[PDB]
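The structure appears right after this line, and notes come after that.
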Amino acid sequence: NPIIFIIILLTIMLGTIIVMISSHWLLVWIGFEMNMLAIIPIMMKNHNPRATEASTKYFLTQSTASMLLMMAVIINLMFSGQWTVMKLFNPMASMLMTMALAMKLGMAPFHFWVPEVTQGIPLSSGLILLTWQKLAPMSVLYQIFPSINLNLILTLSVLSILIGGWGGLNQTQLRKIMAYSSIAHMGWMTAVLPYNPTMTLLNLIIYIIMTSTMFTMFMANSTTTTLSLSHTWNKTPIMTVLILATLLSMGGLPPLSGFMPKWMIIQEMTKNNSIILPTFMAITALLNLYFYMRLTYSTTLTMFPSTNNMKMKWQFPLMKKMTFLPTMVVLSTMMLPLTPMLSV
Amino acid sequence: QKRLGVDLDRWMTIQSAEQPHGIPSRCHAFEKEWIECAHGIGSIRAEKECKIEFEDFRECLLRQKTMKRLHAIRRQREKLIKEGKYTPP
Amino acid sequence: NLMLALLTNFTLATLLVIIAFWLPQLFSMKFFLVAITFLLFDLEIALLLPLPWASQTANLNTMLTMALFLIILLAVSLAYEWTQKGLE
Amino acid sequence: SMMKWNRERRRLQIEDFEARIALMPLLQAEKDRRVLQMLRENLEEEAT
Amino acid sequence: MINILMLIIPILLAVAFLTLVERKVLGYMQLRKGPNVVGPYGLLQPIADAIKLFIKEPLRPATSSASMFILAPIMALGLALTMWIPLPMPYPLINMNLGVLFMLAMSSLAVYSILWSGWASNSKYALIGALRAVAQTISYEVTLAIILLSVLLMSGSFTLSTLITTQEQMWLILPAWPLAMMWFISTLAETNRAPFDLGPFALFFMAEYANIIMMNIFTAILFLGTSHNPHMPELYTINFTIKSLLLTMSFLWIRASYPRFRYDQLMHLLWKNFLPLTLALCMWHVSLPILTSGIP
Amino acid sequence: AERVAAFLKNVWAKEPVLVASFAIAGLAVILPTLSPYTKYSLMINXXXXXXXXXXXXXXXXXXXXXXXXXXXXXXXXXXX
Amino acid sequence: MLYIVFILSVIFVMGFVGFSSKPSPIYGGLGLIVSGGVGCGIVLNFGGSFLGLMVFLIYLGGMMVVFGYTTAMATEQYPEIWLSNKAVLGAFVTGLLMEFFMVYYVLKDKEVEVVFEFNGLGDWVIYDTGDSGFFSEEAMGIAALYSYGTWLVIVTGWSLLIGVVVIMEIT
Amino acid sequence: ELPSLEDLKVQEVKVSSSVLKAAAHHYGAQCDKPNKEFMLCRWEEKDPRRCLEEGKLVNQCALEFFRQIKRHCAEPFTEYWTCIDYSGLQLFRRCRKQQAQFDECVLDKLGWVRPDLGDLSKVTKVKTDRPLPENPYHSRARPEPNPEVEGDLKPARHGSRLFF
Amino acid sequence: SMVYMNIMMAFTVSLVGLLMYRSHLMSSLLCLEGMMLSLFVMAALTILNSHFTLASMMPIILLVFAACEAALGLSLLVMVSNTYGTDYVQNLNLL
């Protein structure tokens with residue numbers, strides 16, 4: 001595909017800009033549906049039966065998500081009648097606002113599409129456009145941080161790490177593990193929103209970079225654990241060392257800068273007399289680490305995936321941000337712990 | 001807003017703003033109180049200082065307080081059936 | 001009344017159907033693209049509807065730059081359609 | 001030929017809107033009625 | 001309210017007497033003669049066709065799918081007669097807030113009449129043949145919307161009564177000179193047989209012939225009019241009947257003279273030939289009331 | 001000429017309706033900026049009062065008088 | 001007789017009963033003709049003739065017409081009768097009993113609801129407006145404008161450029 | 001709420017027809033001051049409860065204008081009025097010939113005055129009645145906002161985080 | 001209050017109608033049209049009663065984006081009928 005693929009990709013970039021730079025309620029409504037028209041062609045790409053099934057499952061869940069969001073916009077005319085994105089002014093519209101944004105994100109009750117959508121994506125270039133897409137509903141949630149009830153956000157954040165922590169244990173597909181770490185990390189996202197809206201934006205920065213480092217290192221084609229197994233000996237051994245720095249960082253480990261969200265999310269919550277919730281956060285986070293525990297053994301060990309066919313010609317992929325971003329993803333906890341102020 | 005629109009105008013969002021020609025809002029006078037009450041951050045986080053001016057503004061759009069009142073008159077008008085009822089028009 | 005004008009037309013239309021029945025005694029996916037183009041052009045026409053309706057009061061220097069712009073992209077969409085459209 | 005007729009319509013339309021501006025007892029008829037209707041409503045409230 | 005009944009029964013007579021004029025004008029265009037054995041000059045045949053087709057002629061059901069086949073004539077005959085309501089014949093029957101919006105909508109809702117009849121038959125060859133006929137009706141309504149929006153942009157609002165006032169001395173044929181040619185072709189959309197051709201058979205084309213008169217009168221207001229004269233409504237109506245019927249003969253002219261376009265090439269007439277021309281005129285008609293002052 | 005004379009007469013021979021699609025739409029953009037006649041249309045458009053007039057309380061003010069015919073205010077008299 | 005909007009609103013929900021029920025896409029397609037056409041009348045009663053006729057031009061003059069094509073493309077020929085279908089009639093009978101049983105409580109004006117809002121009279125306060133304006137008024141006399149909302153014109157144009165390009169790449 | 005009394009509305013009103021008033025826009029030129037006094041009252045004070053005595057002067061002056069037409073040139077005025085009702089909704093077209101018969105009769109009197117431009121917002125300097133600032137709707141002044149911190153910020157602690 | 005007790009009820013009925021299935025995938029997209037139709041009426045009543053004048057353009061824009069989804073999602077439905085015989089919810093491959 002020539003220029004038209006870049007134009008479609010630029011309209012997702014432009015689509016989230018309408019969401020970011022906004023004041024009107026129908027303006028963000030357009031911004032969400034600008035993405036809906038633009039992700040689907042990249043979802044298809046290679047003319048697959050899996051791609052047709054994934055896109056239809058992606059659309060029918062996210063089209064209903066937007067129409068539930070528009071109901072919250074119309075109730076904002078029923079009561080008050082002000083079309084400025086600041087507060088919902090309703091105990092009813094706030095319910096239909098948070099649950100609609102939960103549909104677009106990987107939050108607890110509306111998570112079922114996430115693993116099956118990720119499987120149907122043809123290439124690693126399309127796999128980024130779900131992790132980057134989650135910036136759009138998060139940007140609205142930052143704007144309407146008050147007037148939203150704790151009983152139907154924090155319950156959806158706690159359950160998502162529970163179902164995320166058990167949702168990747170019986171899975172071997174590399175796309176499916178990344179799809180359930182998405183559900184796992186979204187619980188750490190929305191838990192901060194009541195206890196200071198700050199650090200939610202920084203949690204995005206850590207997550208989006210760390211997820212993009214994975215798929216750019218998955219440019220050497222691998223879909224399963226057994227296909228990423230034949231990489232230690234048949235392919236380059238230095239590549240297994242750099243993926244190890246990204247696998248272990250996604251779980252809660254302090255020498256790596258993937259502990260930098262788990263630094264402040266617990267810290268800000270403990271300030272507001274809540275200890276029983278951050279305990280439940282950190283223990284369930286070990287189940288998220290446990291996926292990468294068995295996935296590190298694919299790279300650290302021999303595991304016998306030799307294969308008679310040996311590659312002599314050197315691999316030439318895109319690798320656009322595959323060098324600059326993992327250096328920041330591995331070490332930033334010693335570099336910038338004062339970056340909380342710089343981001344938000 | 002996550003990112004502000006500086007040196008550019010794309011608002012026209014709030015009620016009782018710049019009219020298309022000169023056409024007024026149905027609740028124009030009530031927001032002349034509401035916007036003037038809550039232009040600062042004092043009654044934005046607490047929302048207690050402008051409670052008097054919000055209840056009358058909520059009454060403008062819904063008309064629920066008049067709806068309960070007019071129903072009470074209509075029920076008592078129906079109570080006058082086979083009693084001391086009079087109709088001037 | 002508008003309802004009085006509508007119902008009288010429909011009731012006499014159904015009355016002719018009563019005369020018509022009671023009185024006697026004895027695949028191809030290419031055509032889908034047409035419907036796609038039609039529906040997408042309707043909305044651009046729907047946005048170009050208030051032209052002899054809003055131009056009476058509003059400023060002309062602001063409108064003309066935007067009014068032509070909708071018809072331009074309505075032709076730019078057709079410019080993309082020209083490069084391999086179909087046999088139909 | 002069309003634009004010369006449109007400018008003739010401009011002379012008519014300004015005269016049409018002038019009749020709207022000139023009439024203010026038309027606006028007075030509204031506010032006189034609103035007081036009289038409310039007084040009948042108040043008498044209905046006193047009776048019921 | 002007797003006026004509605006005075007716009008159904010004499011209107012259905014005009015549809016009935018159309019079959020004679022379609023046979024007589026096309027007849028004289030083909031050197032043959034019209035009906036003569038029936039009456040004095042064959043004038044007793046439209047009532048003779050009504051007794052033949054309705055009373056004794058039965059219907060052998062192909063499948064009869066419960067709700068449909070009986071629902072499709074309601075969408076055909078009913079929607080064709082509702083189009084007569086907002087027409088600015090001196091003083092119209094309950095004048096609409098917006099005239100042409102009701103005119104364009106009920107014509108675009110008339111597409112269902114051929115759609116539901118496609119569902120009425122169980123056979124696949126009927127519905128594929130039906131959708132091909134829908135494809136012609138669906139496409140030319142885009143041009144029907146564009147040409148209307150460029151004619152009104154010259155003068156008048158959506159009200160049909162204001163379209164009479166603009167044609168006080170000059171017709172809208174001359175300022176909209178390429179659009180006058182364009183609108184005449186785009187009116188051949190509702191299975192007019194001149195560009196391309198696909199309950200009982202009788203009442204189904206009674207709605208289709210009614211739409212031909214409907215477009216003939218719609219051309220006689222948007223492009224014709226001459227004057228209004230509020231003092232005498234008679235002088236307008238006599239003059240209107242001549243203007244409308246001269247355009248009615250022209251629809252019997254294109255059908256007589258010209259063969260079928262080939263369905264594909266008829267779809268190549270639109271998008272490739274018509275739509276680049278109409279949108280360029282639509283661009284041109286935006287600039288005209290701004291270039292020279294004329295925004296009523 | 002390399003394409004001015006070459007790629008114009010070919011367009012007249014091969015699909016001349018495409019000439020009309022660029023020329024008439026082209027004149028629709030260029031001519032409104034060039035013509036010194038667009039200024040008159042904006043003047044009457046603002047002059048036409050759809051809403052009711054409002055009276056302002058004057059305390060030492062110029063270019064304002066009574067509702068009767070007097071040399072005051074805007075009141076456009078462009079070509080009668 | 002006295003009510004105008006409330007009688008039409010019942011027929012509006014009655015159309016949606018055929019959407020909660022699944023009586024095959026053909027009979028469900030007839031729902032958008034019934035509920036859509038009546039849906040115009042609900043908009044038209046409060047005013048704004050332009051906005052009421054938008055459903056006639058787009059939903060009834062495009063949307064369901066294109067949806068008429070796809071019913072012929074997939075799941076075509078014959079629609080199965082809803083009387084013979086199991087649970088489809090069960091969803092239909094439970095759907096109407098959520099509305100028709102409620103109307104009996106709306107009688108005598110006020111009614112109890114799941115939400116805090118009551119029914120009311122809906123006859124004198126049905127219009128909710130006095131005189132308001134005069135010439136080119138009724139809120140939707142000058143409804144849509146290219147002026148002031150210049151930004152919204154561009155973004156709508158962007159999405160309609162996307163639509164033509166994207167569907168071509170899908171098929 | 002406290003509305004006006006039952007005997008507050010002025011007697012002798014709405015005697016003229018809807019189009020009979022629309023036939024003569026000379027009412028905009030002669031008897032214009034009392035109309036402008038009521039107009040200025042409404043924009044200053046939005047309530048009809050206060051500006052009703054000014055409206056009594058409007059209804060009184062309106063009858064004074066129409067009685068002059070009742071006394072003199074009744075024949076060309078009624079002929080113009082029958083012409084204005086005979087037409088549909090044009091209201092000014094197809095009646096210009098009988099508009100020539102009008103004004104010509106009125107030219108003998110001082111009543112004839114026709115503007116060929118419009119009103120274009122006329123100012124009333126003679127108006128006093130009541131002062132404009134008197135709080136039209138406002139009851140509370142609204143509590144004072146957060147005080148703006150004046151002065152340049154200085155680094156003192158240098159990061160109040162866990163380290164450095 | 002009066003009308004809003006029906007059009008909100010019609011929205012909740014269509015909300016059930018989307019998520020309930022009898023194997024037909026065409027009926028879900030048909031209900032998505034109804035969902036936007038119910039959102040159209042609910043927005044129209046709020047803007048027309050409280051004379052906004054500016055907000056009247058917003059449901060017209062909403063009508064455009066109603067048809068944006070209810071065509072591009074409809075085009076994907078055709079692609080299911082290209083790969084498989086007839087469109088069914090039961091006919092799936094993803095795990």
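Residues are named by chain letter and number: chains run A, B, ... in the order of the structure tokens, numbers start at 1 in each chain, and ligands are numbered from 1 in the order shown.
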> Can you tell me, as number ranges by chain, what residues are no more than 10 Å from residue 72 of chain H when counting only C-alpha atoms, ignoring any on the same chain fewer than 3 positions away?
Replying inline: H: 67-69, 75-77, 105-106, 108-109
Based on the selection just made, write C-alpha atoms of those residues as a PDB file, in the first residue's frame.
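selection_1.pdb written:
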```
ATOM      1  CA  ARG H  67     -58.191  58.208  14.750  1.00  0.00           C
ATOM      2  CA  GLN H  68     -56.464  60.738  12.446  1.00  0.00           C
ATOM      3  CA  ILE H  69     -56.809  58.205   9.590  1.00  0.00           C
ATOM      4  CA  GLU H  75     -61.476  56.149   1.368  1.00  0.00           C
ATOM      5  CA  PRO H  76     -57.935  55.607  -0.055  1.00  0.00           C
ATOM      6  CA  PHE H  77     -56.785  53.852   3.161  1.00  0.00           C
ATOM      7  CA  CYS H 105     -54.053  62.071   0.195  1.00  0.00           C
ATOM      8  CA  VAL H 106     -51.947  62.108   3.398  1.00  0.00           C
ATOM      9  CA  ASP H 108     -52.247  67.408   2.475  1.00  0.00           C
ATOM     10  CA  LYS H 109     -51.875  66.664   6.212  1.00  0.00           C
TER      11      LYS H 109
END
```
Sorted by chain and rising residue number, which residues of chain E lie within 7 Å of chain D, and what are their closest atom pairs and distances in Å to one decimal, counting only C-alpha atoms, as JSON lines?
```
{"residue": "E:292", "atom": "CA", "partner": "D:3", "partner_atom": "CA", "distance": 6.9}
{"residue": "E:293", "atom": "CA", "partner": "D:3", "partner_atom": "CA", "distance": 6.6}
{"residue": "E:294", "atom": "CA", "partner": "D:6", "partner_atom": "CA", "distance": 5.0}
{"residue": "E:296", "atom": "CA", "partner": "D:6", "partner_atom": "CA", "distance": 6.6}
```
Go ahead and save the residues from that selection, with N, CA and C atoms, as a compact mmCIF listing (two decimals), in the first residue's frame.
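Saved result, selection.txt, follows:
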```
# COMPACT_ATOMS: atom_id res chain seq x y z
N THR E 292 -22.11 38.31 -7.32
CA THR E 292 -23.11 39.36 -7.51
C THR E 292 -24.23 39.18 -6.49
N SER E 293 -24.59 40.28 -5.82
CA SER E 293 -25.56 40.27 -4.71
C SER E 293 -26.94 39.74 -5.11
N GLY E 294 -27.33 38.64 -4.47
CA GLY E 294 -28.60 37.98 -4.74
C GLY E 294 -28.85 36.76 -3.87
N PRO E 296 -31.75 35.78 -1.50
CA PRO E 296 -33.09 36.06 -0.97
C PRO E 296 -33.41 35.29 0.32
```
Counting only C-alpha atoms, what are the residues of chain B within 12 Å of chain C, and for each of them which pair of atoms is the nearest and at what distance in Å, to one decimal? Sort the table by chain and rising number, as CSV.
```
residue,atom,partner,partner_atom,distance
B:19,CA,C:58,CA,11.4
B:20,CA,C:58,CA,8.1
B:21,CA,C:57,CA,7.3
B:22,CA,C:57,CA,10.8
```
Any chance you can output those residues with N, CA, C and O atoms as a PDB file, in the first residue's frame?
```pdb
ATOM      1  N   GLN B  19     -24.874  34.319  19.806  1.00  0.00           N
ATOM      2  CA  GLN B  19     -26.063  33.925  19.045  1.00  0.00           C
ATOM      3  C   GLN B  19     -25.797  33.846  17.534  1.00  0.00           C
ATOM      4  O   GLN B  19     -24.977  34.614  17.019  1.00  0.00           O
ATOM      5  N   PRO B  20     -26.478  32.908  16.825  1.00  0.00           N
ATOM      6  CA  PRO B  20     -26.396  32.799  15.357  1.00  0.00           C
ATOM      7  C   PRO B  20     -26.786  34.086  14.621  1.00  0.00           C
ATOM      8  O   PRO B  20     -26.126  34.460  13.646  1.00  0.00           O
ATOM      9  N   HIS B  21     -27.849  34.741  15.090  1.00  0.00           N
ATOM     10  CA  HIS B  21     -28.245  36.065  14.616  1.00  0.00           C
ATOM     11  C   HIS B  21     -28.457  36.985  15.818  1.00  0.00           C
ATOM     12  O   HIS B  21     -27.706  37.949  16.003  1.00  0.00           O
ATOM     13  N   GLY B  22     -29.471  36.665  16.627  1.00  0.00           N
ATOM     14  CA  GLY B  22     -29.778  37.354  17.888  1.00  0.00           C
ATOM     15  C   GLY B  22     -30.699  36.507  18.778  1.00  0.00           C
ATOM     16  O   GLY B  22     -31.166  36.975  19.826  1.00  0.00           O
TER      17      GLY B  22
END
```
Between chain B and chain I, at 12 Å or less, what are the per-residue closest atom pairs and their distances in Å? Count only C-alpha atoms, order by chain and rising residue number, and return it as CSV.
```
residue,atom,partner,partner_atom,distance
B:11,CA,I:54,CA,11.9
B:12,CA,I:54,CA,8.4
B:13,CA,I:55,CA,8.5
B:14,CA,I:55,CA,9.7
B:15,CA,I:52,CA,7.1
B:16,CA,I:52,CA,8.0
B:17,CA,I:54,CA,9.0
B:18,CA,I:54,CA,8.8
B:19,CA,I:54,CA,7.3
B:20,CA,I:54,CA,6.6
B:21,CA,I:53,CA,9.4
B:22,CA,I:53,CA,9.9
B:23,CA,I:53,CA,7.1
B:24,CA,I:51,CA,7.3
B:25,CA,I:51,CA,5.3
B:26,CA,I:50,CA,5.1
B:27,CA,I:50,CA,7.2
B:28,CA,I:52,CA,9.6
B:60,CA,I:50,CA,9.1
B:61,CA,I:50,CA,7.0
B:62,CA,I:1,CA,7.8
B:63,CA,I:1,CA,9.0
B:64,CA,I:1,CA,8.0
B:65,CA,I:1,CA,11.7
B:66,CA,I:1,CA,11.8
B:67,CA,I:1,CA,8.9
B:68,CA,I:1,CA,11.1
```
Give me, as a PDB file with N, CA, C and O atoms, in the first residue's frame, all polymer residues having an atom no more than 7 Å from residue 43 of chain I, counting only C-alpha atoms and skipping those fewer than 4 positions away in the same chain.
```
ATOM      1  N   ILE A  74     -26.142  12.926  26.160  1.00  0.00           N
ATOM      2  CA  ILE A  74     -27.535  13.396  26.061  1.00  0.00           C
ATOM      3  C   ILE A  74     -28.184  13.633  27.437  1.00  0.00           C
ATOM      4  O   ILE A  74     -28.972  14.573  27.591  1.00  0.00           O
TER       5      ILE A  74
ATOM      6  N   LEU I  39     -31.222   7.820  19.845  1.00  0.00           N
ATOM      7  CA  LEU I  39     -30.321   8.899  20.270  1.00  0.00           C
ATOM      8  C   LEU I  39     -30.606  10.207  19.531  1.00  0.00           C
ATOM      9  O   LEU I  39     -30.388  11.288  20.083  1.00  0.00           O
ATOM     10  N   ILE I  47     -32.841  19.892  22.549  1.00  0.00           N
ATOM     11  CA  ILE I  47     -32.378  21.089  21.831  1.00  0.00           C
ATOM     12  C   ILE I  47     -33.554  21.958  21.348  1.00  0.00           C
ATOM     13  O   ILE I  47     -33.480  23.190  21.397  1.00  0.00           O
ATOM     14  N   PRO I  59     -27.198  17.304  16.128  1.00  0.00           N
ATOM     15  CA  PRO I  59     -27.780  16.014  15.712  1.00  0.00           C
ATOM     16  C   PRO I  59     -27.677  15.723  14.211  1.00  0.00           C
ATOM     17  O   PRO I  59     -27.723  14.555  13.819  1.00  0.00           O
TER      18      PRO I  59
END
```
> Skipping near chain neighbours, those fewer than 6 positions away, what residues fall within 10 Å of segment 23-38 of chain D using only C-alpha atoms, listed as an NGL selection string?
Replying inline: (:D and (44)) or (:F and (52)) or (:G and (130-131)) or (:H and (3-10 or 13-14 or 18 or 21-22 or 24-25 or 27-28 or 32 or 34-36 or 38-39 or 47-49 or 51-52 or 55-56 or 58-59 or 62))
